[PDB]
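Trainee: Here it is: the structure, laid out below.
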Amino acid sequence: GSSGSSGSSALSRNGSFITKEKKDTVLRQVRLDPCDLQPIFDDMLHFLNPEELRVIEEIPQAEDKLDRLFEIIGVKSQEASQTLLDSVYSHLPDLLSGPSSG
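Under the entry's author numbering, the first residue of the sequence shown is numbered 1, with each subsequent residue one higher.
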């Protein structure tokens, strides 16, 4: 690791932009009341690459597919990560009961 967490360091412990923990919180909302997960991929399809889609194409399930989308973007960067975590809420507002302002 690194001795001096404060300035700029990649991966604090088990990730940075996106972790497996957050990936579960997302599916947890769909596992209860499913509906659709296309708009989430249709928007990420651009940020992702043709070769990357192959890794996700292997997954037939929809729920599991979302888990892969986070694994790729989670390592890509923050510019795409913020879009993914936000897209899930921006595309599926029903999942939340009011983003609230403060």
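Using N, Cα and C, we set each Cβ at its ideal position, and we do this for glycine too.
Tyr89: which of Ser6, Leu27, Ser8 and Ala10 sits nearest, CA to CA?
Mentor: When only C-alpha atoms are compared, the closest one is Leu27.
Trainee: Using a Cβ cut-off of 9 Å (strictly closer), state whether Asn14 contacts chain B.
Mentor: Of the protein chains in this structure there is only one, and it is not chain B.
Trainee: Any chance the region 2-9 sits against the region 63-79, with 3 or more Cβ pairs inside 8 Å?
Mentor: Flag = no, the region 2-9 and the region 63-79 do not touch.
Trainee: If you run the structure through DSSP and keep just helix, strand and coil, what is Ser101?
Mentor: Coil.
Trainee: Would you report the Cα separation of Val55 and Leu69, rounded to the nearest angstrom?
Mentor: Cα-Cα distance, rounded: 9 Å.
Trainee: Quick one: what does DSSP say residue 144 is sitting in, helix, strand or coil?
Mentor: The structure shown does not extend to residue 144, since the chain is modelled only from 1 to 102, so the question has no answer here.
Trainee: Flag this pair as yes or no: are the beta carbons of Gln29 and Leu95 separated by less than 9 Å?
Mentor: It is a contact, given that the beta carbons lie within the stated cut-off.
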